[PDB]
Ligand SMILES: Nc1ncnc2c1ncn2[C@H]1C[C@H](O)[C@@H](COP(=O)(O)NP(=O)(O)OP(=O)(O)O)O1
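Starting off, we have a lone chain in the form deposited without the ligand, written out as structure tokens.
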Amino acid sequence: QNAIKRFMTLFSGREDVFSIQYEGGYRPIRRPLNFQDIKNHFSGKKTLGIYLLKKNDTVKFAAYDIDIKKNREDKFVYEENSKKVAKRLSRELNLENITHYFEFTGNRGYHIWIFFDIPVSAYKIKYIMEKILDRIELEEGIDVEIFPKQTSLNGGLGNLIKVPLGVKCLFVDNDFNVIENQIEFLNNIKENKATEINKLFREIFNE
């Protein structure tokens, strides 16, 4: 109940269209997301994909997608490389006072989630995230993607992202270990202040 409402507030995307995952991709459902959809996401019946770019070109959450490209005897090298790139992104984001959280996307990789108290301009957060990515070194076989990818999509639906807590895709701690009681974690997630994100954008933009 309160976990449902918190999940809605944290992962707030487009208020009119969402999507559901099937074997061939993500099918758009063109109606506002309701709570039974969240219950179907948690139960595992209808896995959700949220279009994070709202209608005014703002986002309330953003993400890094650290993904290992494919399947060897010693693949542990590449899983550890993904963990390394995630750790580097985490260090830079924490050095810039951006509260973020890790989630295991399955053996494909990891998600670094960034939450905001009120929607922030997609251009500013994309700019910040690509600069931070430009600061770090990547490892062999690892691709880093930045959501949102579109910044002024004033005519399309945009890009979507698979939200956690479905079928499991679970949040992990700083040591990349699965957190127990992910619901109280979901309630203990702290979102960044849009004022400080705007100040950080101005600082990085003028410098």
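Heads up: residue numbers just count along the shown sequence, starting at 1. Rigid core (definition): largest C-alpha set, two forms, superposition within 1.5 Å.
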field: Larger mean CA deviation from the shown form in 4 other deposited structures of this protein [core fit; 154 to 162 vs 141 to 149]
entry: 154 to 162
field: Which of 107 to 115 and 121 to 129 strays further in 4 other deposited structures of this protein - Cα RMS after rigid core alignment
entry: 107 to 115
query: Count of coordinate-less deposited residues separating residue 70 and residue 71, as none, 1 to 3, 4 to 9, or 10 or more?
result: 1 to 3
message: Does the chain run continuously from residue 178 to residue 179, or are deposited residues unmodelled in between? Answer none, 1 to 3, 4 to 9, or 10 or more.
response: none
- prompt: For the C-alpha atoms alone, is the average B factor greater in 149 to 157 or in 51 to 59, going by the entry?
  reply: 149 to 157
message: Quick check: 118 to 126 versus 104 to 112, which has the larger average CA B-factor in the record?
response: 104 to 112
- line: Per the deposited entry, the peak Cα B-factor within the set 172, 167, 29, 38 goes to 167
- prompt: Comparing residue 23 with the other modelled residues of its chain, is its CA B-factor in the lowest, middle or highest third?
  reply: lowest
- prompt: Among the modelled residues of its chain, does the C-alpha B-factor of residue 75 lie in the lowest, middle or highest third?
  reply: highest
task: Among all modelled residues of this chain, ranked by Cα B factor, put residue 163 in the bottom, middle or top third, i.e. lowest, middle or highest.
output: lowest
query: What third of its chain, lowest, middle or highest, does the C-alpha temperature factor of residue 190 fall into?
result: middle
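Unshown form deposited with the ligand bound; subsequent notes refer to it.
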task: Examine residue 174 and determine whether its closest non-hydrogen atom to the ligand in the bound PDB entry is within 4.5 angstroms.
output: yes
task: Mark residue 162 yes when one of its heavy atoms lies within 4.5 Å of a heavy atom of the ligand in the bound PDB entry, and no otherwise.
output: yes
- prompt: Wondering, does residue 57 line up within 4.5 Å of the ligand in the bound PDB entry on heavy atoms?
  reply: no
- prompt: Taking 4.5 angstroms as the cut-off for heavy atoms, does residue 139 touch the ligand in the bound PDB entry?
  reply: no
Which of 84 to 92, 71 to 79, 130 to 138, 116 to 124 sits within 4.5 Å of the ligand in the bound PDB entry, heavy atom basis: 84 to 92
31, 154 and 156 each touching the ligand in the bound PDB entry (heavy atom, 4.5 Å): no
